[PDB]
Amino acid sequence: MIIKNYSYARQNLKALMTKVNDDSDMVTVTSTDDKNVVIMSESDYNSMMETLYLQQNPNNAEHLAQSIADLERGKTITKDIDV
């Protein structure tokens, strides 16, 4: 997480956009009035939100945790599917 301030971000916005895409890193931009932001690539945002979608509901999170545990402990069902 590279930290920068607003004035640097404003003056170097294209460089920050190119960095978070090429190096898949994130920038926190600081404000003096405590209105800070985080900047990330669209690819990282999409990836983050998709996991967030699955985890945000506690029951779906537990459903996923239990199902992955079942698969890793060999408690499974085989299906043959014509495709």
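Sequential numbering from 1, following the sequence displayed.
The deposited model assigns a higher average Cα B-factor to 11 to 19 than to the other stretch when 11 to 19 and 63 to 71 are compared. Comparing 31 to 39 with 50 to 58, the higher mean C-alpha B-factor in the PDB entry belongs to 31 to 39. The entry lists a Cα temperature factor for residue 1 that places it in the highest third of the chain's modelled residues. Sorting the modelled residues of the chain by their CA temperature factor places residue 81 in the middle third.
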